């Protein structure tokens, strides 16, 4: 019936911000080659203050060369003695975020690590100082090469922590002059980090924030007892339809209400990865077509706005928040400067399911809500009103609410699936750019000769690596193949996911069913080396080991194989071929209906080989193991 909002008996917890994750893995892969103005528009929808999602926090993966959900992301140290702070796209993204919002909060977290850190094992805690040295290098590089101040550093995403590592990471941070950098742990479940912090005082000192994943709006007792800041450091991961927008809406309020969590960070920031990759379209918005410029400003953008435009890190939650009688919730925040924000949500169970965890039914029905400004809030007379209705009307400003009394009270009619933001703030705006081009399938004729001398990014556009890492490569000591694409991993990473045994990058349209793929290939390893080109590749990401399709392999021992699977268990054809290491060959692979054929240097090697049909999927290139190889003059001709 009546709901009191008061600051007289003090304040709730400090609000730390809403944000999103770019990474885990390659989630922003297709954003980088958007043409202007569209690329800059997308970034504004995300990061420009008083405009769109206006995010307070950007968390990114510290690439470790391993597959991390929708691809691999390049590390700053591929090998021992290697340092490079210009690979990938997270540097660029952080800088674009900071350009639009100087006060944005930056976070880094590793998912995988380069294999050499493991010194013989697939384990990052073999040499604690070495792994901490690697991580801290990254933070220094952000400052030195990009003028970026990383605010938070994590441990090992969704994987075990080592208390001695966390301590060494603190010591190393301090030693390198990074006392200001905070540590968040352990980016997994509430335990065992929470009880570890109660039993170990030295550990308690070095951990600033307990970050838990997909906590279903709740925390646990040991966490409250720690007195540490509690963040949902990874949540959401839901398709960005209205259903996903409802999930985001509900958890933004209730993570604080039910679980004392003062930050929530969505995986992921923008769906800029092929949608047939795992968890397709689970970004706050969608930008998965750089070749057309088409992007979608999805519902979750506006749900974010309802909190982000009208709150800032450093504000405080009131003590007066909770659930509504007939369902839904209300939070309220101030800033100590007389401003007040009220955010109300009425998300129906049927339209707010997150993928993790799934909630048992709860009822939401028509109701009325009365709010009374008690304490030092009563002196407010006027409130701006923002309204959103899911299922649709988005982030629409409604007529101002005048209190018009001396009461300090007001009433609302609330139906289902609604968000209301009521605030003293006048800065709100539903930012708008003209509509962008219609969606178009991936070009049915496509070529890249990789002839780019000073590339802006370290890899060619649209190639999404799924195991291994492929980079622009300049080789002055050749005139015919001076500018190529090279797979640069020479050993398996400390994997997070189950990377394939062979390297692979996919490109194009997963709907393609008839296609001709051509590429110049070059094997660097004598006797043992191997490369392939492929078509109808159907799976990638965390499922890359499962990929089927048609794979045309050539080996440096003078052999070829055609397989139905990336693991090469299922043979379509095999035989001999005039192939050695360190020689350039042109490979052609034709796939049509039930039949395939392969050419070597324009000459038929095998023809009318039966493949499974129907089948559809991307084109790809790769290497037999984690080995050096080059590719040049890539072309694809395909029918969807």
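For clarity, a rigid core is taken as the largest C-alpha set superposing within 1.5 Å between two forms. Positions refer to the first chain, counted from 1.
**Q** Between 487 to 495 and 397 to 405, which has its CA atoms farther from the current form in 8 other deposited structures of this protein, using a rigid core superposition?
**A** Farther from the shown form on average in 8 other deposited structures of this protein: 397 to 405.
**Q** Deposited residues absent from the coordinates between residue 391 and residue 392, none, 1 to 3, 4 to 9, or 10 or more?
**A** Gap between residue 391 and residue 392: 4 to 9 unmodelled residues.
**Q** Tell me which stretch, 137 to 145 or 304 to 312, has the higher mean Cα B-factor listed in the entry.
**A** Result of the comparison: 304 to 312.
**Q** Which has higher Cα B-factors on average according to the PDB entry: 476 to 484 or 72 to 80?
**A** For C-alpha atoms only, the mean B-factor is higher in 476 to 484.
**Q** Return the residue from 90, 335, 234, 174 that has the highest Cα B-factor in the entry.
**A** Comparing C-alpha B-factors across 90, 335, 234, 174, the maximum falls on 335.
**Q** Checking the record values for 499, 465, 325, 459, which has the greatest CA B factor?
**A** Top of the list by C-alpha B-factor: 325.
**Q** Among the modelled residues of this chain, does the Cα B factor of residue 55 put it in the lowest, middle or highest third?
**A** It falls in the middle third of the chain.
**Q** Going by what the PDB entry lists, where does residue 590 fall on CA B-factor within its chain: lowest, middle or highest third?
**A** As the PDB entry reports it, the C-alpha B-factor of residue 590 lands in the middle third of its chain.
**Q** How does the C-alpha B factor of residue 492 compare with the rest of the chain: lowest, middle or highest third?
**A** Tercile = lowest for this residue's CA B-factor.
**Q** For residue 157, return the chain-relative third of its C-alpha B-factor as stated in the PDB record: lowest, middle or highest.
**A** For residue 157, the deposited C-alpha B-factor lands in the lowest third.
**Q** C-alpha B factor of residue 429, ranked within the chain: lowest, middle or highest third?
**A** Highest third of the chain for residue 429's C-alpha B-factor.
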